[PDB]
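Engineer: Let me give you the structure first, and then I'll get to my questions.
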Amino acid sequence: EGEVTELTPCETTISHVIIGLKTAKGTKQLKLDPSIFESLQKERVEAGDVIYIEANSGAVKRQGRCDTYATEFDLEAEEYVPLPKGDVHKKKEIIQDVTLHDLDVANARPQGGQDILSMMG
Amino acid sequence: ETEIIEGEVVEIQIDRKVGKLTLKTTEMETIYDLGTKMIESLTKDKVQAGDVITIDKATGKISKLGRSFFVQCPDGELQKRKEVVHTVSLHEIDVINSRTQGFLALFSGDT
Amino acid sequence: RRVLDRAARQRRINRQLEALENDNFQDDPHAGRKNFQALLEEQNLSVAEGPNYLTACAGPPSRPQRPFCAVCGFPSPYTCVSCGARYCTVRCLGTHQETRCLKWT
Amino acid sequence: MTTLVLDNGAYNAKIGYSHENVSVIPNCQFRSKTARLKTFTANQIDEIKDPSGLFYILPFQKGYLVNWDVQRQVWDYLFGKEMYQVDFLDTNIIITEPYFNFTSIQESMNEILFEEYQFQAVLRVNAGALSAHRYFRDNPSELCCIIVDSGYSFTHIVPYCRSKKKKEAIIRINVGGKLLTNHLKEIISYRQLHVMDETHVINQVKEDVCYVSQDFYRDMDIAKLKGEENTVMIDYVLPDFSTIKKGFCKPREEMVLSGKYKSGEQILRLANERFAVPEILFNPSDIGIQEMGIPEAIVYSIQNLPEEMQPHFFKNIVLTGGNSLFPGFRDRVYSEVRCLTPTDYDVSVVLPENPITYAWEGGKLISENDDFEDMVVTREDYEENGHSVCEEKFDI
Amino acid sequence: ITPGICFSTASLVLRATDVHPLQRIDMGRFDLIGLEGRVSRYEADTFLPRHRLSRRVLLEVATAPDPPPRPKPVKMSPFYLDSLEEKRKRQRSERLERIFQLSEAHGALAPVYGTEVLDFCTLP
Ligand SMILES: Nc1ncnc2c1ncn2[C@@H]1O[C@H](COP(=O)(O)OP(=O)(O)OP(O)(O)=S)[C@@H](O)[C@H]1O
Ligand SMILES: [Mg+2]
Ligand SMILES: [Zn+2]
Ligand SMILES: [Zn+2]
């Protein structure tokens with residue numbers, strides 16, 4: 001998690017994506033699986049945006065722009081968010097309770113899918 | 001809390017993207033440097049000089065409430081910080097979060 | 001109202017910034033040798049010719065400039081149309097128009 | 001025999017002998033309307049009793065020595081029978097120079113020092129070199145350091161190796177105490193009362209009330225308030241030099257919200273200028289200077305240098321100069337550099353007890369070394385080889 | 001022609017179902033229906049049990065130098081820091097362990113039916 005300071009795909013197609021995330025406690029350079037580049041492009045991630053990336057799934061959520069760039073324009077339709085406080089890499093060991101019905105309903109219908117039948121569903 | 005910009009449009013300029021927007025009240029006049037998203041919002045909803053509009057700054061929600069030269073131009077400050085209070089029922093929360101575009105079910109049944 | 005071109009705004013900004021380097025604002029109470037520009041022009045200092053005074057100047061900041069009110073200093077959402085000065089309230093706009101807009105009083 | 005250490009700054013001259021303490025004396029002449037025909041030189045400003053409307057005759061413009069007559073007079077007063085009684089023919093002088101000093105100024109320095117005074121030997125260095133020497137003497141295990149010299153007329157950021165100055169990575173920010181004082185004058189004159197002729201008093205006000213904010217916009221919101229909650233707002237009583245010799249801040253318990261006081265004291269109320277003025281050091285673009293601030297310039301200077309040396313530079317940030325005495329300066333610099341520095345690299349920012357006299361202590365230390373005689377340039381060698389070898393030996 | 005209905009609600013309502021990733025488990029370890037049409041019986045039953053990576057192989061490949069360049073076709077320490085390097089090698093070990101754990105997790109599930117069964121059973 002952090003503000004994006006650099007987003008550079010490395011061509012061999014793309015072998016990997018090098019990203020730079022900034023927080024109050026420093027800067028970290030990360031090598032991303034090339035499949036995450038599609039997620040980053042879909043989320044419209046640019047330098048100065050505050051994002052988080054899931055290590056296990058590659059999911060990207062762009063949760064606004066950094067408030068340090070709030071004065072770059074006098075009127076933009078943007079949601080400006082503070083810079084994250086902790087480290088870029090956050091680890092948490094959690095215990096979550098689920099029921100068998102939750103697993104049943106998760107497998108009743110497909111999720112996502114870029115096909116036309118999936119989108120119409 | 002939200003920031004609400006209500007005024008009369010004086011001049012709107014968009015060039016191949018960068019743009020400027022000039023808004024006035026009965027007490028003050030200002031020129032704004034526009035971003036890409038606000039430029040897109042102002043292009044989608046046709047805004048020309050003389051229109052009295054209100055803008056929600058965070059969302060680009062532009063609603064034209066008439067033309068002035070018919071509604072009188074706003075008087076006080078152009079940019080106002082407003083406190084908006086919503087009372088939302090539990091059913092409304094459930095329906096909005098039931099599915100994508102699920103709020104439509106609040107009006108057409110189909111829950 | 002009248003409108004000032006980019007040259008006038010840049011000249012005003014340069015004049016204000018240069019005035020901050022002045023030794024004194026008044027004149028000599030007694031009322032009765034070079035300067036920095038003469039030193040620079042005598043040095044014949046060229047860019048990219050190794051480290052020097054010109055190449056040591058700090059580059060533009062990455063973070064965007066933050067607007068502040070030219071009257072009271074608090075953050076200013078508004079920009080004056082005539083001269084481009086920033087301001088934050090109707091009272092501040094009136095004060096700016098009376099004091100420093102157009103003619104520089 | 002003896003060695004004289006001089007830090008010929010644009011605002012204060014740190015002059016002293018190697019075997020003695022350090023003295024801080026203004027390096028400029030003064031004229032006042034209370035004296036018809038009388039020009040004050042150096043520390044003679046203490047003699048005047050009404051420093052209002054004081055006129056400054058400076059030997060430095062934009063941080064470089066450009067007026068030679070006033071500088072010569074100040075040096076003659078400092079070296080005269082009244083101050084130090086310097087025996088020029090048997091004394092060595094360590095005098096500091098601005099960064100990237102022009103060739104003409106260096107020639108004039110060499111000529112004046114070796115002919116008009118005829119010093120035995122001269123060592124012309126930069127204040128950062130002496131600060132780095134002092135830091136390395138204090139910390140023998142460190143191989144690199146980065147020096148921030150936020151002074152009167154500029155703020156340089158120079159990285160130093162053990163015995164070499166990285167000339168490629170020197171970055172100058174054209175914001176100094178002079179600019180901050182003039183900006184404070186302009187703000188006060190435009191907002192409350194005309195003080196453009198009160199440079200001394202406004203400088204004291206800046207030294208007394210200004211501070212660096214950890215949270216800029218929270219402080220702005222607090223200052224915008226009215227009443228008890230406006231903790232930032234304070235009342236300053238300017239000195240009239242009749243019954244109030246020196247300026248002071250009214251106690252918070254004694255503050256009056258209305259601003260009207262029965263006593264006829266000329267009270268200057270400062271709310272947002274407390275941290276707006278110091279912020280120009282960190283954000284030059286606030287007032288209109290399109291230059292990177294101190295933390296960003298530190299990061300840029302370090303990152304220009306090779307990768308292997310970067311963590312050492314990040315571990316030895318040293319703050320020198322008068323502007324570093326602002327409250328919250330060290331913490332703000334540390335926070336911003338930590339935000340910009342890679343997480344794997346540790347950040348350490350050190351503010352010495354007396355950043356004014358750091359360079360003088362470094363000069364004293366380098367004078368006490370047994371390698372001192374090799375660094376200086378003698379007059380006997382000056383006669384033949386001097387004008388080239390002065391440039392050759394000194395790493396300006 | 002009428003303008004649409006503008007239904008205004010609290011911004012907090014739109015985040016009611018949202019849960020931070022550090023507060024939720026990975027539900028892809030129970031995703032059986034997502035494997036259909038993408039994962040085959042060969043991958044689950046024959047290939048992966050034989051060609052799963054091990055920690056030893058992963059570490060050997062990571063530590064070993066880069067392979068020699070593929071031949072062209074023929075028609076026939078003063079600034080060294082110990083703490084920084086210890087941190088870097090700990091980070092590398094953590095990265096390799098994460099790679100191993102994710103590779104095991106992403107191929108653990110076998111399809112209920114599989115691509116081969118569906119293709120065989122799917123008439124024109
Ligand atoms: N307590 C203080 N708080 C804030 N500023 C201070 C304080 N004391 C001194 N200053 C400022 O420190 C500056 C002078 O610092 P110095 O570094 O000694 O200047 P100088 O080195 O003689 O000139 P340069 O920059 O080396 S050419 C002045 O602008 C003062 O306003
Ligand atoms: Mg100095
Ligand atoms: Zn204002
Ligand atoms: Zn104006």
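Here, A, B, ... name the chains of the structure tokens in the order displayed, residue numbers run from 1 inside each chain, and ligands are numbered from 1 in the same displayed order.
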Enumerate residues in contact with ligand 1: an atom-to-atom distance of at most 7 Å, counting only C-alpha atoms and all ligand atoms. Format the result as a count of residues only.
Structural biologist: 30
Engineer: Quick check: residues of chain D within 12 Å of chain A, only C-alpha atoms, returned as a short mmCIF file (atom, residue, chain, number, x, y, z; two decimals) with N, CA, C and O atoms, in the first residue's frame.
Structural biologist:
data_model
loop_
_atom_site.label_atom_id
_atom_site.label_comp_id
_atom_site.auth_asym_id
_atom_site.auth_seq_id
_atom_site.Cartn_x
_atom_site.Cartn_y
_atom_site.Cartn_z
N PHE D 216 0.99 21.27 8.50
CA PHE D 216 0.80 22.62 7.97
C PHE D 216 -0.67 23.00 7.95
O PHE D 216 -1.05 24.09 8.41
N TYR D 217 -1.53 22.13 7.41
CA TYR D 217 -2.92 22.50 7.22
C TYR D 217 -3.72 22.45 8.52
O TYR D 217 -4.66 23.24 8.69
N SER D 285 8.08 27.19 -3.45
CA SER D 285 7.01 27.56 -4.36
C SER D 285 5.85 28.24 -3.66
O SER D 285 4.95 28.75 -4.33
N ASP D 286 5.84 28.24 -2.32
CA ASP D 286 4.77 28.92 -1.60
C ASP D 286 4.73 30.41 -1.94
O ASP D 286 3.65 30.98 -2.14
N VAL D 299 17.41 14.68 -0.87
CA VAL D 299 17.17 13.40 -1.53
C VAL D 299 17.74 13.40 -2.94
O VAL D 299 18.36 12.43 -3.37
N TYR D 334 13.63 15.49 9.13
CA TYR D 334 13.67 14.04 9.30
C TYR D 334 12.41 13.38 8.75
O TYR D 334 12.49 12.36 8.06
N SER D 335 11.24 13.95 9.04
CA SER D 335 9.99 13.36 8.57
C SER D 335 9.91 13.36 7.05
O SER D 335 9.57 12.34 6.44
N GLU D 336 10.25 14.48 6.42
CA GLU D 336 10.18 14.55 4.97
C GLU D 336 11.20 13.64 4.30
O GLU D 336 10.87 12.94 3.33
N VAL D 337 12.44 13.61 4.80
CA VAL D 337 13.44 12.73 4.21
C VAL D 337 13.06 11.27 4.42
O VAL D 337 13.23 10.44 3.52
N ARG D 338 12.51 10.94 5.58
CA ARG D 338 12.06 9.57 5.83
C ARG D 338 10.95 9.19 4.86
O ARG D 338 10.91 8.06 4.36
N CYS D 339 10.04 10.12 4.58
CA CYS D 339 8.98 9.86 3.62
C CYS D 339 9.55 9.62 2.23
O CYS D 339 9.05 8.76 1.49
N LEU D 340 10.58 10.37 1.85
CA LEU D 340 11.16 10.22 0.52
C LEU D 340 12.25 9.15 0.43
O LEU D 340 12.47 8.62 -0.66
N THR D 341 12.93 8.83 1.53
CA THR D 341 14.02 7.86 1.46
C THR D 341 13.49 6.43 1.38
O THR D 341 12.45 6.12 1.96
N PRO D 342 14.17 5.55 0.63
CA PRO D 342 13.77 4.14 0.60
C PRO D 342 13.73 3.53 1.99
O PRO D 342 14.52 3.88 2.87
N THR D 343 12.78 2.62 2.19
CA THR D 343 12.55 2.05 3.51
C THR D 343 13.75 1.23 4.00
O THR D 343 13.98 1.13 5.21
N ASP D 344 14.54 0.68 3.08
CA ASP D 344 15.69 -0.12 3.50
C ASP D 344 16.84 0.74 4.02
O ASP D 344 17.74 0.21 4.68
N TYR D 345 16.83 2.04 3.75
CA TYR D 345 17.90 2.94 4.16
C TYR D 345 17.48 3.70 5.40
O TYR D 345 16.43 4.35 5.42
N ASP D 346 18.31 3.63 6.44
CA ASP D 346 18.03 4.35 7.68
C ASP D 346 18.34 5.83 7.51
O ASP D 346 19.29 6.21 6.82
N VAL D 347 17.53 6.67 8.15
CA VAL D 347 17.65 8.12 8.06
C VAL D 347 17.99 8.66 9.44
O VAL D 347 17.31 8.34 10.42
#
Engineer: Can you work out which residues are within 8 Å of ligand 4, considering only C-alpha atoms and all ligand atoms, and then hand them over as number ranges by chain?
Structural biologist: C: 80-85, 93, 96-97, 100-102
Engineer: Take the residues that were just selected and, keeping N, CA and C atoms, output them as a PDB file, in the first residue's frame.
Structural biologist:
ATOM      1  N   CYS C  80      -7.921  35.728  -8.968  1.00  0.00           N
ATOM      2  CA  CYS C  80      -8.375  36.984  -9.553  1.00  0.00           C
ATOM      3  C   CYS C  80      -8.245  36.961 -11.070  1.00  0.00           C
ATOM      4  N   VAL C  81      -9.313  37.371 -11.753  1.00  0.00           N
ATOM      5  CA  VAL C  81      -9.334  37.325 -13.211  1.00  0.00           C
ATOM      6  C   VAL C  81      -8.387  38.361 -13.807  1.00  0.00           C
ATOM      7  N   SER C  82      -8.406  39.585 -13.277  1.00  0.00           N
ATOM      8  CA  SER C  82      -7.672  40.683 -13.903  1.00  0.00           C
ATOM      9  C   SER C  82      -6.162  40.480 -13.850  1.00  0.00           C
ATOM     10  N   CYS C  83      -5.623  40.119 -12.685  1.00  0.00           N
ATOM     11  CA  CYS C  83      -4.179  40.001 -12.536  1.00  0.00           C
ATOM     12  C   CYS C  83      -3.680  38.602 -12.210  1.00  0.00           C
ATOM     13  N   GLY C  84      -4.557  37.658 -11.882  1.00  0.00           N
ATOM     14  CA  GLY C  84      -4.117  36.312 -11.584  1.00  0.00           C
ATOM     15  C   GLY C  84      -3.716  36.072 -10.147  1.00  0.00           C
ATOM     16  N   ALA C  85      -3.874  37.060  -9.275  1.00  0.00           N
ATOM     17  CA  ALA C  85      -3.549  36.877  -7.871  1.00  0.00           C
ATOM     18  C   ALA C  85      -4.595  36.001  -7.196  1.00  0.00           C
ATOM     19  N   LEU C  93     -10.967  39.770  -1.650  1.00  0.00           N
ATOM     20  CA  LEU C  93     -11.014  40.221  -3.037  1.00  0.00           C
ATOM     21  C   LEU C  93     -11.147  41.734  -3.121  1.00  0.00           C
ATOM     22  N   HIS C  96      -7.805  43.263  -2.217  1.00  0.00           N
ATOM     23  CA  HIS C  96      -6.843  43.105  -3.301  1.00  0.00           C
ATOM     24  C   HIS C  96      -7.135  44.066  -4.445  1.00  0.00           C
ATOM     25  N   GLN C  97      -8.410  44.205  -4.812  1.00  0.00           N
ATOM     26  CA  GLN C  97      -8.773  45.105  -5.901  1.00  0.00           C
ATOM     27  C   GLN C  97      -8.458  46.551  -5.547  1.00  0.00           C
ATOM     28  N   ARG C 100      -3.788  46.226  -4.700  1.00  0.00           N
ATOM     29  CA  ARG C 100      -2.761  45.790  -5.639  1.00  0.00           C
ATOM     30  C   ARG C 100      -3.255  45.287  -6.989  1.00  0.00           C
ATOM     31  N   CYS C 101      -4.554  45.317  -7.264  1.00  0.00           N
ATOM     32  CA  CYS C 101      -5.027  44.909  -8.579  1.00  0.00           C
ATOM     33  C   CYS C 101      -4.819  46.040  -9.576  1.00  0.00           C
ATOM     34  N   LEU C 102      -4.469  45.670 -10.810  1.00  0.00           N
ATOM     35  CA  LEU C 102      -4.178  46.630 -11.870  1.00  0.00           C
ATOM     36  C   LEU C 102      -3.033  47.544 -11.450  1.00  0.00           C
TER      37      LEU C 102
END
Engineer: Enumerate as a tab-separated table (two decimals) with C-alpha atoms, in the first residue's frame the residues belonging to chain B that approach chain E to within 12 Å, with only C-alpha atoms taken into account.
Structural biologist:
chain	number	residue	atom	x	y	z
B	1	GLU	CA	-19.07	17.68	4.71
B	2	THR	CA	-18.92	18.61	1.03
B	58	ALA	CA	-15.33	15.84	-5.36
B	59	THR	CA	-17.62	14.21	-7.95
B	61	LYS	CA	-21.79	16.50	-10.36
B	62	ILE	CA	-22.95	19.51	-12.40
B	63	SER	CA	-26.64	20.43	-12.38
B	64	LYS	CA	-27.86	23.44	-14.36
B	83	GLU	CA	-22.81	19.83	5.87
B	84	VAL	CA	-25.10	17.31	4.17
B	85	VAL	CA	-27.10	14.91	6.35
B	86	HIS	CA	-28.66	11.72	4.99
B	87	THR	CA	-31.02	9.43	6.89
B	88	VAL	CA	-30.72	6.04	5.20
B	89	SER	CA	-32.90	3.08	6.12
B	90	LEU	CA	-31.41	-0.35	6.69
B	91	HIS	CA	-33.44	-1.63	3.72
B	92	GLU	CA	-31.87	1.03	1.49
B	93	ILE	CA	-28.38	-0.01	2.61
B	94	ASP	CA	-29.19	-3.67	1.98
B	95	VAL	CA	-30.57	-2.97	-1.50
B	96	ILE	CA	-27.70	-0.65	-2.50
B	97	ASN	CA	-25.17	-3.27	-1.38
B	98	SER	CA	-27.17	-6.27	-2.66
B	99	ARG	CA	-25.64	-6.09	-6.15
B	100	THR	CA	-24.00	-3.75	-8.62
B	101	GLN	CA	-26.45	-1.02	-9.66
B	102	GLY	CA	-28.67	-2.51	-6.96
B	103	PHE	CA	-30.07	0.85	-5.87
B	104	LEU	CA	-32.34	0.66	-8.93
B	106	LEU	CA	-35.35	0.77	-4.54
B	107	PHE	CA	-37.57	2.23	-7.27
Engineer: Considering only C-alpha atoms and all ligand atoms, tabulate each residue of chain C that lies at most 7 Å from ligand 3 along with its nearest interatomic pair and the corresponding distance in Å to one decimal; arrange the rows by chain and ascending residue number and present them as CSV.
Structural biologist:
residue,atom,partner,partner_atom_place_in_ligand_line,distance
C:69,CA,ligand 3,1 (Zn),4.6
C:70,CA,ligand 3,1 (Zn),6.6
C:71,CA,ligand 3,1 (Zn),4.9
C:72,CA,ligand 3,1 (Zn),4.2
C:73,CA,ligand 3,1 (Zn),6.0
C:74,CA,ligand 3,1 (Zn),5.8
C:76,CA,ligand 3,1 (Zn),6.7
C:87,CA,ligand 3,1 (Zn),5.3
C:88,CA,ligand 3,1 (Zn),4.5
C:89,CA,ligand 3,1 (Zn),5.7
C:92,CA,ligand 3,1 (Zn),4.8
Engineer: Write the residues of the selection above to a file with N, CA, C and O atoms, as a PDB file, in the first residue's frame.
Structural biologist:
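Everything below was put into result.pdb:
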ATOM      1  N   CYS C  69      -3.646  32.934  -0.086  1.00  0.00           N
ATOM      2  CA  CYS C  69      -4.304  34.213  -0.309  1.00  0.00           C
ATOM      3  C   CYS C  69      -3.291  35.346  -0.244  1.00  0.00           C
ATOM      4  O   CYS C  69      -2.505  35.437   0.703  1.00  0.00           O
ATOM      5  N   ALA C  70      -3.309  36.211  -1.257  1.00  0.00           N
ATOM      6  CA  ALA C  70      -2.369  37.321  -1.318  1.00  0.00           C
ATOM      7  C   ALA C  70      -2.634  38.374  -0.252  1.00  0.00           C
ATOM      8  O   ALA C  70      -1.808  39.277  -0.081  1.00  0.00           O
ATOM      9  N   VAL C  71      -3.752  38.286   0.460  1.00  0.00           N
ATOM     10  CA  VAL C  71      -4.128  39.279   1.457  1.00  0.00           C
ATOM     11  C   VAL C  71      -3.863  38.784   2.873  1.00  0.00           C
ATOM     12  O   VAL C  71      -3.181  39.451   3.650  1.00  0.00           O
ATOM     13  N   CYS C  72      -4.390  37.613   3.232  1.00  0.00           N
ATOM     14  CA  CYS C  72      -4.259  37.118   4.595  1.00  0.00           C
ATOM     15  C   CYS C  72      -3.395  35.872   4.722  1.00  0.00           C
ATOM     16  O   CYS C  72      -3.012  35.522   5.843  1.00  0.00           O
ATOM     17  N   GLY C  73      -3.082  35.191   3.621  1.00  0.00           N
ATOM     18  CA  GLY C  73      -2.172  34.069   3.648  1.00  0.00           C
ATOM     19  C   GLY C  73      -2.817  32.706   3.792  1.00  0.00           C
ATOM     20  O   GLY C  73      -2.153  31.695   3.535  1.00  0.00           O
ATOM     21  N   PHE C  74      -4.083  32.645   4.194  1.00  0.00           N
ATOM     22  CA  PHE C  74      -4.775  31.373   4.297  1.00  0.00           C
ATOM     23  C   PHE C  74      -5.016  30.803   2.902  1.00  0.00           C
ATOM     24  O   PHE C  74      -4.951  31.533   1.910  1.00  0.00           O
ATOM     25  N   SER C  76      -6.344  29.675  -0.623  1.00  0.00           N
ATOM     26  CA  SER C  76      -7.190  30.500  -1.484  1.00  0.00           C
ATOM     27  C   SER C  76      -7.739  29.681  -2.641  1.00  0.00           C
ATOM     28  O   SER C  76      -6.980  29.338  -3.567  1.00  0.00           O
ATOM     29  N   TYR C  87      -6.894  34.603  -3.980  1.00  0.00           N
ATOM     30  CA  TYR C  87      -7.632  35.191  -2.872  1.00  0.00           C
ATOM     31  C   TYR C  87      -8.687  34.198  -2.412  1.00  0.00           C
ATOM     32  O   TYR C  87      -9.004  33.234  -3.112  1.00  0.00           O
ATOM     33  N   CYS C  88      -9.227  34.447  -1.219  1.00  0.00           N
ATOM     34  CA  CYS C  88      -9.989  33.431  -0.510  1.00  0.00           C
ATOM     35  C   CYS C  88     -11.379  33.863  -0.066  1.00  0.00           C
ATOM     36  O   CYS C  88     -12.132  33.011   0.415  1.00  0.00           O
ATOM     37  N   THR C  89     -11.751  35.133  -0.210  1.00  0.00           N
ATOM     38  CA  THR C  89     -13.010  35.606   0.350  1.00  0.00           C
ATOM     39  C   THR C  89     -13.346  36.944  -0.297  1.00  0.00           C
ATOM     40  O   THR C  89     -12.475  37.619  -0.851  1.00  0.00           O
ATOM     41  N   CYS C  92     -11.370  39.740   1.109  1.00  0.00           N
ATOM     42  CA  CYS C  92     -10.007  39.708   0.598  1.00  0.00           C
ATOM     43  C   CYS C  92      -9.958  40.145  -0.860  1.00  0.00           C
ATOM     44  O   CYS C  92      -9.013  40.822  -1.276  1.00  0.00           O
TER      45      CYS C  92
END
Engineer: Got a sec to tell me which of chain C DSSP assigns to alpha helix (DSSP H), as a PyMOL selection string?
Structural biologist: chain C and resi 6-19+36-43+90-99
Engineer: Keeping only C-alpha atoms, write the selected residues to a file as a compact mmCIF listing (two decimals), in the first residue's frame.
Structural biologist:
# COMPACT_ATOMS: atom_id res chain seq x y z
CA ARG C 6 1.65 36.90 -19.18
CA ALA C 7 4.59 39.30 -19.53
CA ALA C 8 3.14 41.69 -16.95
CA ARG C 9 2.42 38.89 -14.47
CA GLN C 10 5.92 37.46 -14.89
CA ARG C 11 7.47 40.92 -14.52
CA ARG C 12 5.50 41.53 -11.32
CA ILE C 13 6.53 38.15 -9.91
CA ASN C 14 10.19 38.75 -10.81
CA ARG C 15 10.11 42.25 -9.31
CA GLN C 16 8.56 40.99 -6.07
CA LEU C 17 11.06 38.12 -5.81
CA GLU C 18 14.01 40.42 -6.52
CA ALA C 19 12.80 42.88 -3.87
CA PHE C 36 26.02 40.19 -8.99
CA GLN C 37 25.02 40.49 -12.65
CA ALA C 38 28.36 42.07 -13.55
CA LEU C 39 30.13 39.20 -11.78
CA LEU C 40 28.06 36.62 -13.67
CA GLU C 41 28.62 38.28 -17.05
CA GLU C 42 32.35 38.62 -16.37
CA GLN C 43 32.62 34.95 -15.39
CA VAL C 90 -15.10 38.56 -0.82
CA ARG C 91 -13.45 40.83 1.75
CA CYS C 92 -10.01 39.71 0.60
CA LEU C 93 -11.01 40.22 -3.04
CA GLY C 94 -12.14 43.76 -2.28
CA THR C 95 -8.91 44.49 -0.42
CA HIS C 96 -6.84 43.11 -3.30
CA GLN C 97 -8.77 45.11 -5.90
CA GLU C 98 -8.40 48.30 -3.88
CA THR C 99 -4.70 47.81 -3.05
Engineer: If the cut-off is 8 Å, can you tell me the residues of chain A near chain E, counting only C-alpha atoms? I'd like them as JSON, numbers by chain.
Structural biologist: {"A": [54, 56, 91, 92, 94, 96, 103, 106, 107, 108, 109, 110, 111]}
Engineer: Next, the residues of the selection above should be written as an mmCIF file, in the first residue's frame with C-alpha atoms.
Structural biologist:
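File again-v5.cif, as written:
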data_model
loop_
_atom_site.group_PDB
_atom_site.id
_atom_site.type_symbol
_atom_site.label_atom_id
_atom_site.label_comp_id
_atom_site.auth_asym_id
_atom_site.auth_seq_id
_atom_site.Cartn_x
_atom_site.Cartn_y
_atom_site.Cartn_z
ATOM 1 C CA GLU A 54 -2.738 -7.786 -2.774
ATOM 2 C CA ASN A 56 -1.535 -13.285 -3.036
ATOM 3 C CA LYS A 91 1.448 -8.252 7.192
ATOM 4 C CA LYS A 92 -1.497 -9.341 9.331
ATOM 5 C CA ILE A 94 -6.121 -13.078 10.869
ATOM 6 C CA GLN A 96 -11.987 -15.432 10.012
ATOM 7 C CA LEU A 103 -18.656 -21.654 0.404
ATOM 8 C CA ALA A 106 -19.593 -18.716 -3.653
ATOM 9 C CA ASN A 107 -19.525 -21.671 -6.074
ATOM 10 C CA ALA A 108 -23.141 -21.405 -7.254
ATOM 11 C CA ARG A 109 -22.414 -18.699 -9.846
ATOM 12 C CA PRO A 110 -19.189 -17.674 -11.591
ATOM 13 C CA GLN A 111 -17.494 -14.390 -10.759
#
Engineer: Could you list the residues in chain E lying within 8 Å of chain D, using only C-alpha atoms, and format the result as number ranges by chain?
Structural biologist: E: 79-80, 84, 87
Engineer: Up to 7 Å from chain C, what residues of chain A turn up? Count only C-alpha atoms and give them as a PDB file with N, CA, C and O atoms, in the first residue's frame.
Structural biologist:
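Below you can see out25.pdb, which holds the result:
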ATOM      1  N   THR A  68      -1.186  15.410  -1.461  1.00  0.00           N
ATOM      2  CA  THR A  68      -0.099  16.309  -1.824  1.00  0.00           C
ATOM      3  C   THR A  68      -0.278  16.902  -3.213  1.00  0.00           C
ATOM      4  O   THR A  68       0.318  17.943  -3.510  1.00  0.00           O
ATOM      5  N   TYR A  69      -1.078  16.269  -4.067  1.00  0.00           N
ATOM      6  CA  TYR A  69      -1.354  16.772  -5.403  1.00  0.00           C
ATOM      7  C   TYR A  69      -2.704  17.471  -5.496  1.00  0.00           C
ATOM      8  O   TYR A  69      -3.179  17.729  -6.605  1.00  0.00           O
ATOM      9  N   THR A  71      -3.499  20.442  -5.053  1.00  0.00           N
ATOM     10  CA  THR A  71      -3.402  21.793  -5.582  1.00  0.00           C
ATOM     11  C   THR A  71      -2.860  21.829  -7.003  1.00  0.00           C
ATOM     12  O   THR A  71      -2.540  22.911  -7.505  1.00  0.00           O
ATOM     13  N   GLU A  72      -2.747  20.674  -7.663  1.00  0.00           N
ATOM     14  CA  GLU A  72      -2.253  20.651  -9.033  1.00  0.00           C
ATOM     15  C   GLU A  72      -3.254  21.254 -10.008  1.00  0.00           C
ATOM     16  O   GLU A  72      -2.858  21.716 -11.083  1.00  0.00           O
ATOM     17  N   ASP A  74      -7.151  23.706  -9.866  1.00  0.00           N
ATOM     18  CA  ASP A  74      -8.110  24.390  -9.011  1.00  0.00           C
ATOM     19  C   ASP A  74      -9.472  23.710  -8.983  1.00  0.00           C
ATOM     20  O   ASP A  74     -10.252  23.962  -8.057  1.00  0.00           O
TER      21      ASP A  74
END
Engineer: What residues in chain B have any atom no more than 6 Å from chain C when counting only C-alpha atoms, and can you write them as a compact mmCIF listing (two decimals) with N, CA and C atoms, in the first residue's frame?
Structural biologist:
# COMPACT_ATOMS: atom_id res chain seq x y z
N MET B 28 -18.26 38.30 -6.03
CA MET B 28 -16.89 37.96 -6.41
C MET B 28 -16.87 37.21 -7.73
N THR B 30 -14.03 34.77 -10.32
CA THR B 30 -12.87 33.90 -10.19
C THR B 30 -12.66 33.15 -11.50
N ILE B 31 -11.40 32.79 -11.76
CA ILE B 31 -11.05 31.91 -12.87
C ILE B 31 -10.44 30.64 -12.29
Engineer: For CA of residue 204 in chain D and CA of residue 29 in chain D, quote the distance in Å rounded to one decimal.
Structural biologist: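 Calculated distance between CA of residue 204 in chain D and CA of residue 29 in chain D is 18.4 Å.
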Engineer: Using only C-alpha atoms, which of the listed residues (C:59, C:47, C:103, C:32) sits closest to chain D?
Structural biologist: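 Checking each candidate against chain D, we get C:59 as the closest.
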Engineer: Tell me as a list in words which residues belonging to chain B come within 10 Å of chain A, counting only C-alpha atoms.
Structural biologist: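 Here they are: residues 5, 20, 21, 31, 32, 33, 34, 35, 36, 37, 38, 39, 40, 41, 55, 56, 57, 58, 59, 60 and 61 of chain B.
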